[PDB]
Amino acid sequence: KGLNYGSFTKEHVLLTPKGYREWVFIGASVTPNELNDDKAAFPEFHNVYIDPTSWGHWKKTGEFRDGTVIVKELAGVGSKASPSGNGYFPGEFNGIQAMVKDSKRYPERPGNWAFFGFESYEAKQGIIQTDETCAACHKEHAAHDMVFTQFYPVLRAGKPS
């Protein structure tokens, strides 16, 4: 069996994940401010991680086990040009978002996903989000099980046939 990644409070709120940068990377996207009227909803680079246990489970099944934790880490754009050419390059770390799939802890959320915001990296836990703030966009547009796997080529290529 596999470890339980993610620690929770007695009210089932995920404590601020540490060590996620050593989980399994599944994809990176970028919404720069300048392309979104100098205020993107989520600045700017986004680096996404799934915990190792649920990555083993995904390789075997193409499905997110209960106990999946997915962390989106946000970063500024640092430059627009490099010796490799024109585009977008990351600067400093900005913040994180996370989501947890758990039928037991979250029996009445869409998909059993609890979406967590964090007010800082120094914060002890996150704040669980209403269905209008987070999960509604994810159920409408995400390709599989409310996860935007159409932007996670590690996922698509890592599921079996």
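Position 1 is the first residue in the sequence shown; the rest follow in order.
Higher mean CA B-factor, judged across 57 to 65 and 89 to 97 from the recorded values: 57 to 65. For the pair 99 to 107 and 44 to 52, the record assigns the higher mean C-alpha temperature factor to 99 to 107.
Split the chain's modelled residues into thirds by C-alpha temperature factor. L14 is in the lowest one. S29 sits in the lowest third of its chain by CA B factor, as recorded in the PDB entry. Looking at the C-alpha B-factors along this chain, the one for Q125 belongs to the highest third. Per-chain ranking of the deposited C-alpha B factor places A114 in the lowest third. Sort the modelled residues of the chain by CA B factor and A143 lands in the lowest third.
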